[PDB]
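**Student:** Supplied in structure tokens, the structure appears directly below.
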Amino acid sequence: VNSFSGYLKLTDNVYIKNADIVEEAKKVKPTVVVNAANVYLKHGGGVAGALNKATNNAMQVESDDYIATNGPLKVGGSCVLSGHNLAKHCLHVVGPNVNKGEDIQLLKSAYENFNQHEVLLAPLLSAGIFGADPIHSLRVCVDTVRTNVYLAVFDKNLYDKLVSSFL
Ligand SMILES: Cn1nc(O)c2c1CN(C(=O)c1cc(O)cc(=O)o1)CC2
């Protein structure tokens, strides 16, 4: 039993809710919140911008030190950093950004990072400002992630479309 509430169950291991991931993280304090990161960990907008703002820019400060030491992530890759006031840990995962021309096949590699964590609160990778089709992202999630994932979808209209079209 865990503290996630109000989710619709899609599969054995994938759950979904119309929710603001920032507000959900603040309330649950999950072990892992996933950020929709880019390779530079520049958290300017979308989910990343919102998570970073909720940490009062502490996420960005930590991320800048990470990049200065380690260099950029790979598209499809990830790193574990602090969750600050939102979670124990933040798993920064880089899905492909279609608006930069990155290969959508890398979306599966991105979701594979979730399998290193037993339970996660996450957004749909490559959705929103990353330009991918969220219906496709949900399909890849369900077909790739084997650990327990709680998906937060900010837009109510999109949430309803994702549920109604789910096979
Ligand atoms: C600035 N702020 N603070 C918050 O709690 C939120 C925001 C803004 N926001 C996003 O930028 C966003 C975009 C998106 O595609 C998915 C998502 O989960 O969040 C949603 C929730």
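In the structure tokens, the first chain shown is A, the next is B, and so on; residue numbers restart at 1 for each chain, and ligands run from 1 in the order shown.
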Going by DSSP on the backbone, which bits of chain A are alpha helix (DSSP H)? Write them as a VMD selection string, please.
**Tutor:** chain A and resid 21 to 28 46 to 54 58 to 70 106 to 112 134 to 144 156 to 164
**Student:** Can you list, as a PyMOL selection string, every protein, DNA or RNA residue that comes within 10 Å of segment 155-167 of chain A when you count only C-alpha atoms, leaving out same-chain residues fewer than 5 positions away?
**Tutor:** chain A and resi 8-10+16-20+128+134-136+138-139
**Student:** Print the selection's residues with N, CA and C atoms to a file, as a compact mmCIF listing (two decimals), in the first residue's frame.
**Tutor:**
# COMPACT_ATOMS: atom_id res chain seq x y z
N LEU A 8 -6.49 6.47 -11.65
CA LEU A 8 -7.11 5.41 -12.43
C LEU A 8 -6.02 4.40 -12.75
N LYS A 9 -6.37 3.13 -12.62
CA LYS A 9 -5.42 2.04 -12.87
C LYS A 9 -5.48 1.66 -14.35
N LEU A 10 -4.37 1.79 -15.07
CA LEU A 10 -4.37 1.41 -16.49
C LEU A 10 -3.94 -0.03 -16.68
N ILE A 16 -2.75 6.60 -13.51
CA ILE A 16 -2.80 7.93 -14.13
C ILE A 16 -3.83 8.82 -13.44
N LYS A 17 -3.53 10.11 -13.38
CA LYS A 17 -4.39 11.08 -12.70
C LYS A 17 -4.24 12.44 -13.38
N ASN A 18 -5.34 13.19 -13.45
CA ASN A 18 -5.29 14.59 -13.85
C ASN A 18 -4.81 15.37 -12.64
N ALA A 19 -3.55 15.80 -12.67
CA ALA A 19 -2.99 16.49 -11.51
C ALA A 19 -1.79 17.31 -11.94
N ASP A 20 -1.52 18.35 -11.16
CA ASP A 20 -0.30 19.13 -11.27
C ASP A 20 0.79 18.38 -10.52
N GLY A 128 4.04 17.55 -23.88
CA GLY A 128 4.11 18.99 -23.67
C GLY A 128 5.06 19.63 -24.65
N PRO A 134 1.35 12.64 -26.83
CA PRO A 134 1.22 12.03 -25.49
C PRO A 134 0.57 10.65 -25.51
N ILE A 135 -0.32 10.37 -26.46
CA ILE A 135 -0.89 9.03 -26.56
C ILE A 135 0.21 8.00 -26.83
N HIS A 136 1.13 8.32 -27.74
CA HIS A 136 2.28 7.46 -28.01
C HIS A 136 3.16 7.33 -26.77
N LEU A 138 2.31 7.49 -23.65
CA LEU A 138 1.67 6.60 -22.69
C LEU A 138 1.82 5.14 -23.12
N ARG A 139 1.68 4.86 -24.42
CA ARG A 139 1.84 3.50 -24.90
C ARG A 139 3.26 2.99 -24.62
**Student:** Residues near residue 31 of chain A, anyone? I mean within 7 Å using only C-alpha atoms, not counting same-chain ones fewer than 5 positions away, as a PyMOL selection string.
**Tutor:** chain A and resi 87-89
**Student:** Have a look at A:92, A:26, A:117, A:146 and name the one nearest to ligand 1; count only C-alpha atoms and all ligand atoms.
**Tutor:**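 For ligand 1, the nearest of the candidates is A:26.
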**Student:** Please build the interface table for chain A against ligand 1 with a cut-off of 7 Å, listing for each qualifying residue the nearest atom pair and the distance in Å to one decimal; count only C-alpha atoms and all ligand atoms, order rows by chain and increasing number, and write it as CSV.
**Tutor:**
residue,atom,partner,partner_atom_place_in_ligand_line,distance
A:20,CA,ligand 1,21 (C),4.7
A:21,CA,ligand 1,18 (O),5.3
A:22,CA,ligand 1,5 (O),4.2
A:23,CA,ligand 1,5 (O),5.6
A:45,CA,ligand 1,11 (O),5.7
A:46,CA,ligand 1,11 (O),3.5
A:47,CA,ligand 1,19 (O),4.0
A:49,CA,ligand 1,11 (O),6.1
A:50,CA,ligand 1,2 (N),3.9
A:51,CA,ligand 1,3 (N),6.7
A:53,CA,ligand 1,1 (C),6.5
A:54,CA,ligand 1,3 (N),6.6
A:123,CA,ligand 1,18 (O),5.9
A:127,CA,ligand 1,15 (O),6.2
A:128,CA,ligand 1,15 (O),3.7
A:129,CA,ligand 1,15 (O),6.1
A:152,CA,ligand 1,18 (O),6.6
A:153,CA,ligand 1,18 (O),5.8
A:154,CA,ligand 1,18 (O),4.8
**Student:** For residue 141 of chain A, which of A:28, A:59, A:119, A:107 is the closest residue, counting only C-alpha atoms?
**Tutor:**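 With only C-alpha atoms as the atom set, the closest residue is A:107.
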**Student:** I'd like the neighbourhood of residue 34 of chain A as a JSON list (two decimals) with C-alpha atoms, in the first residue's frame, where a residue qualifies if any of its atoms comes within 7 Å (using only C-alpha atoms), though same-chain residues fewer than 6 positions away should be ignored.
**Tutor:**
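For reference, selection_7.json as written:
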[["chain", "number", "residue", "atom", "x", "y", "z"],
["A", 90, "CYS", "CA", 14.48, 13.64, -8.45],
["A", 91, "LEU", "CA", 15.15, 11.37, -11.41],
["A", 92, "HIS", "CA", 16.00, 13.76, -14.25],
["A", 93, "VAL", "CA", 15.12, 11.89, -17.45],
["A", 120, "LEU", "CA", 7.82, 6.84, -9.17],
["A", 121, "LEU", "CA", 5.65, 9.92, -9.66],
["A", 122, "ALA", "CA", 6.19, 11.02, -13.24],
["A", 123, "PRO", "CA", 4.98, 13.06, -16.20]]
**Student:** Just to confirm, what's the straight-line distance from atom CA of residue 39 of chain A to atom CA of residue 77 of chain A in Å (one decimal)?
**Tutor:**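 Going from atom CA of residue 39 of chain A over to atom CA of residue 77 of chain A, I get 8.3 Å.
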**Student:** Find, counting only C-alpha atoms, the residue in A:72, A:131, A:95, A:83 that gets nearest to residue 114 of chain A.
**Tutor:** A:95
**Student:** Please report, as a ChimeraX atom specification, each residue of segment 3-106 of chain A to which DSSP assigns strand (DSSP E) when run on this structure's backbone.
**Tutor:** /A:8-9,14-18,32-36,78-82,89-93
